[PDB]
Ligand code: NA
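In the numbering used here, the protein residues as written are 342 to 467.
1. Between which two residues does the alpha helix (DSSP H) holding residue 459 run?
2. Is residue 350 a contact residue of the ligand NA, with contact defined as CB to any heavy atom under 6 Å?
3. Does the distance from the CB of residue 376 to the CB of residue 420 come in under 7 Å?
4. Using CA atoms only, rank isn't needed, just tell me which of 435, 387, 467 is closest to residue 459.
5. In its own chain, which residues sit with a C-beta less than 7 Å from the C-beta of residue 413, not counting the 5 before and 5 after it?
6. Alpha carbon to alpha carbon, what distance is there between residue 345 and residue 454?
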């Protein structure tokens, strides 16, 4: 089982993103879902997660800027990110934990988020 991220790419400093993850589709059983990130050479760190019951946890660097939600009608876990900073640049990975068991964790493939105003203005034709 591999999940499928979308919504990454280039974004200006101060800009916003809507990250999405197509999960396993096994809505017949509960799960925890969330988002990690990994910057080159650095350790993976928790960005946001939801327990089986919908309790949210956020990495300390989030500082109220990101919101995690899940859509069971659409089989997704989503991350709404505002006020992106250069330091947020990293590969973002979603995950699903069947029955809340991290031991059975499914991961996405990762999607790059690059926070750069000059690059985003160039690429998005602003
Ligand atoms: Na942008």
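Beta carbons: idealized from backbone N, C-alpha and C, even for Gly.
Judging by the given coordinates:
1. In the chain shown, the residue the question calls residue 459 occupies position 118. That run of the alpha helix (DSSP H) goes 458-464.
2. For this step, residue 350 is matched to residue 9 along the chain shown. No, the beta carbon of residue 350 sits no closer than 6 Å to any heavy atom of the ligand NA.
3. Along the chain shown, read from residue 1 onward, the residue named residue 376 stands at position 35. Along the chain shown, read from residue 1 onward, the residue named residue 420 stands at position 79. Yes.
4. Reading the chain shown from its first residue, position 118 is the one you call residue 459. Cα-wise, what sits closest to residue 459 is 467.
5. Looking up residue 413 in the chain shown gives position 72. Result list for residue 413: 368, in chain order.
6. Here residue 454 refers to the residue found at position 113 of the chain shown. Here residue 345 refers to the residue found at position 4 of the chain shown. Each residue's Cα considered, the two are about 15 Å apart.
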